[PDB]
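# Remarks on the overall topology
So the chains spell out like this:
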Amino acid sequence: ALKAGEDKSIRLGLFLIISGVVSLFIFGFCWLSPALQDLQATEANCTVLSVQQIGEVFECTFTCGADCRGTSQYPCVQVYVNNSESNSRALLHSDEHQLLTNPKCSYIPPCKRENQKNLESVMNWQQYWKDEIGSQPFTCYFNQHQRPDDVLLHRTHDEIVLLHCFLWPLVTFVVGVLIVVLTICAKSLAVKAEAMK
Amino acid sequence: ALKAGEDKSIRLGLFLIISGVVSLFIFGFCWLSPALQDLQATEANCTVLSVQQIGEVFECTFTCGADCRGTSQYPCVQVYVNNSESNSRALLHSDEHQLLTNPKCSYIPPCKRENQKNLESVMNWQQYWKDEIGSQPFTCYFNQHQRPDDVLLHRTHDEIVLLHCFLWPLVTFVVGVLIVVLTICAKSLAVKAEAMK
Amino acid sequence: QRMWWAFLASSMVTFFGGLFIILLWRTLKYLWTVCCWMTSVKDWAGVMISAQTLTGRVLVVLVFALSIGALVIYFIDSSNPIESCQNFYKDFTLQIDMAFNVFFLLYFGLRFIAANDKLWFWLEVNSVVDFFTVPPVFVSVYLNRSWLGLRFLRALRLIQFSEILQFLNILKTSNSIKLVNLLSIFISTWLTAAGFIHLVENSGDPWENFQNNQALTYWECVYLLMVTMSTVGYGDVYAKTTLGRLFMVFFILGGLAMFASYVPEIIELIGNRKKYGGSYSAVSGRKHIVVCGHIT
Amino acid sequence: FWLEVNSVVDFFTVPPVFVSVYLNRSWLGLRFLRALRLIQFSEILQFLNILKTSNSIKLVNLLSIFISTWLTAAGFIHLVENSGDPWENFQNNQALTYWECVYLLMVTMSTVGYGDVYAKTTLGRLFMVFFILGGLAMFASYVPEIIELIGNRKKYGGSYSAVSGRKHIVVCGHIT
């Protein structure tokens, strides 16, 4: 008989509903502090003031496969910009992770097996910005509410991961309520249609 | 009476069987990733391109007995080879543990109590390879599937430890099934031979 | 590209889509009366050999042994840095895995035609295990790229090992069947939970761009679950990610005080005593006597 | 007799000492197994008439089983940690003393588990998983101790120690 198994669908429906809801709350509490912080960074217009090296040298780690952990040097380039929203000098970094892994320098090369290639990479980056001094303004990301000294070329997160994370638990909530509605039909309209035989 | 003790032999037999089998699975799962990796290194033919020092200096630890932990310097020799299987330049290391303990250098001296002896050892190694430049090709171990930049003089493991590890649990499985067969005889053929008295 | 979602989607869409089309087929078969060969062979064509018949061992015993094989292949896959292309064609790898999984598909279809109710069969546990194991192997051979997804769920097939031991007449007293059933529930749950934690730790928190991942092996996760559920908790190995912490809180609250805190083991540990003998093994040649009545 | 436990203990203790004196080189192998000889200490105490009531003999038997098992397991872990995993060329060994292993077993089986000392090697982890699963819920989870802890009460006296010179009287029948 159908009824002896149909309420398993009810239980599963209910599970998918509450699971969706709880997942939305859990992903809520953990996304909101990063997401807020990463949108609190305004977008502004910028032009480079100057490009230089401070002479200080920093260490990086090169992974030559399978837990290899060698290390190499690189020189510290710094770049500073004019800022359209603060009209004060600020220091250019590529991205939030670059700033975090070295807040002293404007760039970090992809760490190579030999110092000469780190060197060459830093010069190859520097000569590009030596052409972008003044000429052809660019947009820049800027966080005067908490970190007014610096600017970035990119945001911390790609929006797809955020929205993709939020839509699926909502979709499972929708599937849950749909499943319980279909079972309510297959319970009630079934006997209403079958008792006439 | 014999029967009251003979089934202890059955239990022991059975234990030795399942122990052997389980041991084979356990040693399987933990050997296979190292063993695969160490045979994934092909053997090729090589000749040295050049021998040199990069001027960088590295630290080593000398154990002067009973948890002594002093430290000494050594200069970084590098050696590069032609490669018969990739026809591209690669860096010579003695062995996988040497590469792992310093991926920057071609050799690590056995760390001595005074810097002058580390120095002398590195020069004594270097002058040998200064004769092996081009003359008398050698075989070399090479891992283009995961670490194409480097070559080694030796494999990571000696095959005896691998095969010696696998044969004994199999032998204990064989001893187990042998013991239970002997007991099956000493149970059944015993009464078949004794009931005639 | 790392297209993880395509493998996962094949399981999600087959499970929920099959559920929908069963619910709609049923609903329309009813609403039909408001708008106002095939049925025969199913009772024997597989059912004569699926279970409980004299030689119908294969479609329970062999599917068990093959499930153990598939689980072992998942343990093999778990031993590598998830980026290897030798152990991928003309070795054993995905090509040997496929031979287990197509049998699982055929066996599932046989079960589906034999099902007395399609709905209750569709959301039965072993059906769910098959939906999250079988479709992504077909994705993996179409995309020709192996995947370390939810394949650890094959460990749940050990639940019914208790049947094999009685079909093979190894186990013949009911309390020992209950004991082995409980023990297999423990082992399969332990290996399953270790799989979830392995997956969740090796892939980081998405709100941290998956950067905070932890390189645990599956066996470090099995050990972590053991050191946790015994409440030893050394802290030499522990879960680092936020999702890992969430899973551990759930596993502690469910493993203690719901999955443990059973009474069956305290009544069944004397099970090997509360039964006193089967039948007398009458040897030939020896004389034999029965004594009964008031025995003290 | 051949596969009796004390015979097995003798086979894994005695022959390698003869090897060690023939090769004239000492060896720290499975010699900790001599701790299993403490199992029958309960006999000595009754042969020497120190213990004379059966429940105390059972108590000391269980206690000696505990102590001997603890020292034995600590020996296995000491051996397995001081010699590394063979698939890592024995490089990952850990320099525990035997007493650090005895302490580790105690801190583990009480389920305290500080993690100041713990097993590092893969074999060590395997042994600890076995020791946790066997020490709890099979070796512990005994009922004898909860019925024998009142053992020193559920027996009421041996025999009256009749001193010289003092008079003596017996009372019996309905005593309330």
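Residues numbered from 1 in each chain as written, not as in the entry; some residues may be left out. Chains lettered and ligands numbered in written order. Part of a larger assembly, values for the part shown. Heavy atoms only, no water.

As recorded in the entry header, the structure was determined using cryo-EM to a resolution of 2.9 Å.

### Let's talk about the environment of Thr97 of chain D
All names here are of chain D. Basically, it comes down to this: Helix numbering and strand numbering both begin at the N terminus, where a helix is a DSSP run of H or I of at least 4 residues and a strand a DSSP run of E of at least 2. For every residue, the accessible area (1.4 Å probe, protein chains only) is compared with the maximum for its type, and the residue is labelled buried under 20%, exposed over 50%, or partly exposed between those bounds.
Inspection of the secondary structure assignment puts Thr97 in the loop between α3 (54-82) and α4 (98-109). In this structure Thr97 comes out as partly exposed when scored by relative accessible area, which is 38%. For the pair formed by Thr97 and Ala73, sequence separation is 24 residues and the distance between their alpha carbons is 14 Å.

### So, the UniProt feature "transmembrane region" in chain A
Rule in force here: UniProt positions are given in the numbering used here, feature names are shortened, and annotations may be inferred rather than shown by experiment.
Annotation from UniProt places "transmembrane region" at residues 12-32 and 160-180 of chain A. Helix makes up 100% of residues 12-32 of chain A and strand 0%, with an end-to-end C-alpha separation of 30 Å.

### Some points on a nonpolar patch on the surface
All names here are of chain D. Our working definition: Only residues whose relative accessible area exceeds 30% and that take part in no salt bridge are eligible for patches, with like-charged residues grouped when within 9 Å of each other and nonpolar side chains (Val, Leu, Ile, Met, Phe, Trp, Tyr) grouped when within 5 Å. Each accessible area is a Shrake-Rupley estimate made with a 1.4 Å probe; only the visible protein chains count as cover when residues are assessed. Within this document, salt bridges are pairs made up of a side-chain nitrogen of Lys or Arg and a carboxyl oxygen of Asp or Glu, the two lying within 4 Å of each other.
A cluster of nonpolar side chains, namely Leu38, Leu59, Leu63, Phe66, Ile67, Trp70 and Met106, defines an oily patch on the protein surface of about 570 Å² accessible area. If one sorts the elements of the nonpolar patch by residue count, α3 sits on top with five residues. Looking at the secondary structure, you find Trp70 in helix α3. Judged by relative accessible area, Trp70 falls into the partly exposed class, the value being 30%.

### Thoughts on the packing of helix α4 (residues 93-114) of chain C against helix α6 (residues 125-142) of chain C
Residues and elements named next belong to chain C. For the record, the criterion: Where helices are involved, their axes are fitted lines through C-alpha atoms of the stretch in contact, as for all axes, and angles between N-to-C directions lie from 0 to 180°. By definition in this entry, angles of less than 35 degrees are roughly parallel, angles greater than 145 are roughly antiparallel, angles of 65 to 115 are roughly perpendicular, and the rest are oblique. Crossings are sorted by hand: turned counterclockwise from the far helix by less than a right angle, the near helix makes the crossing left-handed, and turned clockwise it makes it right-handed. Contacts are residue-level and defined by heavy atoms, with any inter-residue pair within 4.5 Å sufficient. Side-chain classes follow a simple rule in which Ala, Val, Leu, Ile, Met, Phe, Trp, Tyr, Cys and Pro form the nonpolar group, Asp, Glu, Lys and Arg form the charged group, and the remainder, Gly included, forms the polar group.
The geometry of α4 relative to α6 is characterised by a closest axis approach of 9 Å and an angle of 135 degrees between their N-to-C directions. Put simply, α4 runs oblique to α6. Handedness of the crossing formed by α4 with α6: left-handed. Between α4 and α6, the residues in contact are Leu94, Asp97, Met98, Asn101, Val102, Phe104, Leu105, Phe108 and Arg111 and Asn126, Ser127, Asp130, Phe131, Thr133, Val134, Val137, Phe138, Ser140 and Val141, respectively. Per-class residue counts for the contact of α4 with α6 are 11 nonpolar, five polar and three charged.

### Some thoughts on the arrangement of the chains
The chain pair with the greatest number of contacts, out of five pairs of chains in contact, is formed by chains A and C. There is a gap between chain A and chain D: no contact, and a shortest C-alpha distance of 15 Å.

### Side note on the UniProt feature "transmembrane region" in chain C
All names here are of chain C. Taking the UniProt record as the reference, the feature "transmembrane region" is found at residues 4-24, 58-78, 94-114, 119-139, 144-164, 180-200 and 247-267. Secondary structure across residues 119-139 comprises 90% helix and 0% strand; the distance between its end C-alpha atoms is 26 Å. A helix fraction of 81% and a strand fraction of 0% characterise residues 247-267, whose end C-alpha atoms lie 32 Å from each other.

### Looking at the side chain of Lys104 of chain B
Here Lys104 of chain B shows up in the loop between α2 (96-101) and α3 (115-131). Residues contacting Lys104 of chain B, with those up to four places away along its chain left out, are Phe62, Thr71, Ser72, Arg113 and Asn115 of chain A together with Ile54, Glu56, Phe58, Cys76 and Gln78 of chain B.

### Observations regarding the nonpolar core
Nonpolar side chains tend toward joint burial in soluble globular proteins. Heads up, the rule is: Buried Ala, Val, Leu, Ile, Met, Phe, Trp, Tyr and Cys residues form a nonpolar core when they are joined through side-chain atoms within 4.5 Å.
Core analysis: the largest hydrophobic core is formed by 49 residues, its most contacted members being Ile197, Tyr218 and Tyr234 of chain C together with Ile77 and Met128 of chain D. Secondary structure elements with two or more residues in this core: α3 (58-77), α8 (174-202), α9 (218-229) and α10 (242-259) of chain C together with α3, α4 and α5 (122-139) of chain D. Ranked by residue count, the leading element in this core is α9 of chain C, at eight residues. Setting aside anything within four residues of it in sequence, one finds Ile197 of chain C in contact with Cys221, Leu224, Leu225, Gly244, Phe247, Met248 and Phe251 of chain C. With 29 residues, the next largest nonpolar core counts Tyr74, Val79, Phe142 and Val151 of chain A among its residues.

### Here we look at the interface of chain A and chain C
Stated precisely, the cut-off is as follows: Joining two parts hides part of their accessible area as seen by a 1.4 Å probe, and the buried area is that hidden amount summed over both. Polar contact criterion, stated in full: a pair of N or O atoms within 3.5 Å, where within protein one must be able to donate a hydrogen and the other to accept it, and residues adjacent in sequence count only if both atoms are side-chain atoms.
Counting from both sides, the interface comprises 25 residues of chain A and, opposite them, 22 residues of chain C. Between chain A and chain C the total buried area reaches about 2,200 Å² when both faces are included, carbon and sulfur atoms providing 80% of it. Contact with chain C buries area across many residues of chain A, yet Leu2, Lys8 and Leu182 of chain A alone supply 21% of it, more than any other trio. Scanning the region where chain A abuts chain C turns up zero salt bridges. The tally of links from chain A across to chain C stands at three residue pairs in polar contact.

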